[PDB]
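Colleague: my sequence and its experimental structure, below.
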Amino acid sequence: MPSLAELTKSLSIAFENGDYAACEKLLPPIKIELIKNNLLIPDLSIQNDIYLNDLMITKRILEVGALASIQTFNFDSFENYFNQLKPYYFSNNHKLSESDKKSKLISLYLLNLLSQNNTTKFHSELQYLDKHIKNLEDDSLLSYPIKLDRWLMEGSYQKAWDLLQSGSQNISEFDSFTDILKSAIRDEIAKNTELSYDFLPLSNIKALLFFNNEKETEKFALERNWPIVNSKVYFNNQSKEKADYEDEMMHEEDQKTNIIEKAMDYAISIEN
Amino acid sequence: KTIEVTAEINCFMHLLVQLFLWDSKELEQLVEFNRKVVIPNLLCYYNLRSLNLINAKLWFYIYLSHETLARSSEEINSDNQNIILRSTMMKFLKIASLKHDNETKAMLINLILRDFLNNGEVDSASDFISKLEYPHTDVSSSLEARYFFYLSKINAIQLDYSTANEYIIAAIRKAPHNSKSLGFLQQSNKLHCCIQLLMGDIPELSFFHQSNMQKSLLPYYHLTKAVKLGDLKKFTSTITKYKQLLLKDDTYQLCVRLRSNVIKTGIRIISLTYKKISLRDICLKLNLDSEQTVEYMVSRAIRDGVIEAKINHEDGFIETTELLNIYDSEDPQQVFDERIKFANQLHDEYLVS
Amino acid sequence: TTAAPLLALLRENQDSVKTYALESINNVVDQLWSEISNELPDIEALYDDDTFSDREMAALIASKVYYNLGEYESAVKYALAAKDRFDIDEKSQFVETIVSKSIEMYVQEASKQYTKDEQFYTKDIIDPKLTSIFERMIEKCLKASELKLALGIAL
Amino acid sequence: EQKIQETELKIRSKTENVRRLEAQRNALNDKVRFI
Amino acid sequence: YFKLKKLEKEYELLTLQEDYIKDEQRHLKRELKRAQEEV
C-alpha cells in the first residue's frame, strides 16, 4: 500500500494503518535500491555517510520490515530481517538517541530461539550484548527471557507459563512467539511426563499442561504414542531404540558376544 | 633477505618488551606505528627458521589495554586498528600451508576466542573449533595450559561440562612458572571449580585452600553451602556481595545456571530413600521453595539424569529410587567397556616411551 | 563484522539483489568463512539454476570456504567450470594454490589412465578444464626462462 | 611450483618415525644376540 | 629441481623399510621364544 513518493513514507504509514499482508508488497522495490549502494550494512571504510542521507533512515526501514512479519506468523523471514538488524544498534558506538531504542524486538529473538529446544544459542546471544548489567539486567524486557528460562532450568513450568498469560506484552508483538513457545514448552514437558509419571489419569494431563479440552488432550497422546485406558494414561515408550544408525556402539544387539572378545584381542596387537 | 629481516626484528623484540606493561609510549600513535612495522613482509614466504620471531606471546595483554578506556573509551563501535588486526590475523591463517605451523596457529585463535568472551557471540566460535584442532608439537608448556583454558571455557557457555572436563585437567598440571601459578592458576582453578558447579558435586576445600589466596576461597565456600543445603536466600545474598568478583571473571551467569543446580544438588543431599514420599513432606523440606514447585521440580530432574522417580497424583505421593542394584548379568558389563576405554588413554604410552 | 545480514539474502528472490550481494560477500569470505560454511548447501543449490547468471560469483565464494576447510579438491572443480575466476597471471597465496593443486592431480589421473592407453593426452579422457591448466602452466614456465621447471612438470 | 616445495617439507616428518623403529630394534635384537 | 627429486626417492625406499622393521620384530620374538624354551 503506497502512500507518498518516498519508499520510507509508504512503508511507515501503511504499517500503522493495518493490512500487514499488503504492507509487505512494498518490500522488494526498497531492497533493490538499497543493495546497489550497499546501504543495508555499514561499511568498514569511511564513505562520509553515517548519521545522514538514507543510512539513518535505513535502520528504520528494516525495523518496520521485521515488525511486518511478526503479525503474519512467519519465523522464516523474521530470522532474515533480524540478521540485518544485528549490525544496527551495534555500530555508531552505543550512542545515537535512545541507543537500542525498542527493547521488545531484541527479546523476540531470544524467545523464538527457545521454540527449537536449543539451549546453547540462548545464552550465546546474551554474551553478544555490550552491557550485561546496564541495559540487559536493569530493563525487564531484556531480562524477560532470562527470568523465563530461569524457571525452565529450575524445572518449574507452571511459573514460566504464567509469564505468557498475566503479562500485558502478549497483545501485539509477543503474541506471535507466545503460542509457538508454549507449544515447545508443552512438548518439553511431555518428555518429562514419560519417565516421571508411570501412570497418570486423563484429568490431570489437562490441568498440568494447561489444556482447554479433554478430547484435545487425547489427540496429543496419539502423536506422542501414549497408550490410553479407562480414566488412566500409561507410558510404554520408556524403552528407546533406533536413533539414526549405530553399529558396534551404545548397547549393540548381536555383536555383544564378539566385541567382548574383540576388546581382548586389541590389547595384544598393541604390545606386538 | 631472511638474515636482514631477522636482524632488524631482534632489535624490534627488545622494544616490544618495553611496549609490554613497561613503557606504553603514546596511546594513539603507537598502535598505528606498531602496525606498519609488521605487515610489510616480516612473515614473508616461510623460507627457513621462521617462528617465535613474530609478536606472538607479546601482544596478548597489549591490545586489550588500548581498546578499553584508552583509544576508544566507548567513543566508537570498535577499534579500527583491531578491525585491521582481525584482517591480518585471519589472513595469517589463510596463507598458512599447515606444514610446520604448530604454536603460531593456536595463539591467534586465542584472540578471536577471548574477544567473544567479553563482547561478541560465542556461537560462531564453535565453527573455528574444527579448524583450531591440530596436533601442535611446538606449543611451549606455558601456552599448553592456556590453549586448554579457552577450550574448557567455551564449552561452559555451551552447557557441556563433559567435553571441557578433559581439557581443564591438563591445564592445572602445566605452566610451572610462578606468574602462571599465581594469577593464571587462581583464575583457572575457579574455572575448574565452575565445572563442578554445573556437575553438582562441589567438593570441599583441601588442595585448593593453600594453592590460592583467600580472595577465591570466600565466594566458593558460600556457594558450596548454598547449593548443597538448597537455600536460594543465602545463594542470592552471595551474588550481591561478591558481584564485583563475578563480573571480571564473566562468572555472573551463575545466577541462572548454578541457581538451577541449587535445587538439583539438594535433591541428593536430602534423603529420598523411602519409596512413597508424601506431598506435604516435600513442601516442608528445602524451606518454602519446594512447596511451590513439587511435581514440575521432580519431573525435569529425572530426565536430566539426577535421580529416577515416579509421581502419583491419585494418593498424593512420589515413588523414588536411589539407584542401587546388584551385579548379575548386564549390570557389571556396563563398566566393563568403560574401564577398557579408561585404559585407552594409557595405551598411547607405548609410542611415547 | 558478521556475515548474518549477508547470508540472509541468499535464500531470497530477485537475483539482481544477489548480484551486488555476492560482490560484498566475496570480500569478507577470507574472514567469516567459518560462518559461511553452514550455508554451503544453499550456495551449491543455486549454482545449477539456468535462470541464475551469477553462478560465476558463487563459484569463487564457495571455493574459498573449502580452501581453509582442509580439502582443496572441491575448490578446484567449482572454479574451473566458470572459466573466469581462474587466472594464472594473478599471483597470490589463494590463486597460486588452486593453480598448483592441479599439478599432482593431473599426474595421479594420468597415471591410472596410462595403463589402458598411452595416447590419452590426445583425447578427452582427461578433463579439458584440467588439461588447460597443464597447458597454461607451461606457458608461464616458458616466460620465466627456465627449462627445468617446464620439462619437470611434463615429465 | 608449490608442490615441489610442499613435498620437500612434508617428507621431513617421516624422519622421526624412522628413528623410533631403529631405536626399538636396537634395544631388542642386541639382547637376542647376547642370549 | 634435480636435487629435490632425488630427496623424494630417498624417503620412498624408507617407506618399505618402516614396514619391514615390524616384520623382523614379530619374527624375532618367535626365534626369541625358541631360545627361551631351550633354556
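Modeller: Done, it's in. Numbering: from 1, shown residues only, chains lettered A, B, ... in the order given.

Colleague: residue numbers of chain C in contact with chain D?
Modeller: Proximity of chain C to chain D, by Cβ under 8 Å from any Cβ of the partner chain, involves residues C:96, C:97, C:100, C:103, C:104, C:149, C:152. Backbone N, C-alpha and C define where each C-beta goes, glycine included.

Colleague: tally of neighbours for the residue lying closest to the fifth one once chain neighbours are set aside?
Modeller: Spatial nearest neighbour of residue C:104, chain neighbours left out: residue D:3 (5.4 Å); criterion: Cβ to Cβ, 6 or more residues apart in numbering or on different chains. By other Cβ atoms under 10 Å in any protein chain shown, the residues close to residue D:3 number 16.

Colleague: so residue D:3 makes contact with residue C:97?
Modeller: No: Residue D:3 is beyond contact range of residue C:97, at 10.2 Å (criterion: Cβ atoms under 8 Å).

Colleague: could you find the residue nearest the spatial middle of chain E?
Modeller: residue E:21 (2.3 Å; Cα atoms, centre = their mean).

Colleague: contact partners for that residue?
Modeller: Residue E:21 makes contact with D:21, D:22, D:24, D:25 under the criterion Cβ atoms under 8 Å, 6 or more residues apart in numbering or on different chains.

Colleague: any figure for the gap between it and residue D:12?
Modeller: Noted for residue E:21: a distance of 20 Å to residue D:12, by Cβ to Cβ, to the nearest Å.

Colleague: cool, and residue A:123?
Modeller: Going from residue A:123 to residue D:12 by Cβ to Cβ gives 45 Å.

Colleague: these two - which one has more neighbours?
Modeller: residue A:123 (20 against 12).

Colleague: quick one, what contacts that one?
Modeller: Shown in contact with residue A:123 (Cβ under 8 Å, 6+ apart): B:157, B:159, B:253.

Colleague: ok, those vs residue C:73, which is closest?
Modeller: residue B:157 (35.1 Å; Cβ to Cβ).

Colleague: near the closest one, how many other residues are there?
Modeller: Residue B:157: 21 surrounding residues under other Cβ under 10 Å.

Colleague: hmm, it is touching residue A:128, no?
Modeller: No: in this structure, residue B:157 is not within contact of residue A:128 by Cβ under 8 Å, at 11.5 Å.

Colleague: burial measure for residue C:152, as a count.
Modeller: Per other Cβ under 10 Å, the neighbour tally for residue C:152 reads 15.

Colleague: do residue C:8 as well
Modeller: 18.

Colleague: from chain D, how far off is it?
Modeller: Counting by Cβ to the nearest Cβ, to the nearest Å, the separation of residue C:8 from chain D is 37 Å.

Colleague: now do residue B:243
Modeller: Distance from residue B:243 to chain D, by Cβ to the nearest Cβ: 51 Å.

Colleague: just residue B:109 next, same as before
Modeller: Residue B:109 is 23 Å from chain D, by Cβ to the nearest Cβ.

Colleague: what's near enough to touch the residue lying closest to that residue once chain neighbours are set aside?
Modeller: Distances taken as Cβ to Cβ, 6+ apart put residue B:132 closest to residue B:109, at 5.1 Å, once the chain neighbours are dropped. Residue B:132 makes contact with B:105, B:106, B:109, according to Cβ under 8 Å, 6+ apart.

Colleague: so can I have TSV of the residues you listed showing neighbour count and distance to residue B:214?
Modeller: Shown next, in TSV, are the contacts of residue B:132 (neighbours: other Cβ atoms under 10 Å in any protein chain shown; distance: Cβ to Cβ, whole Å):
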residue	neighbour count	distance to residue B:214
B:105	18	39
B:106	21	34
B:109	20	34
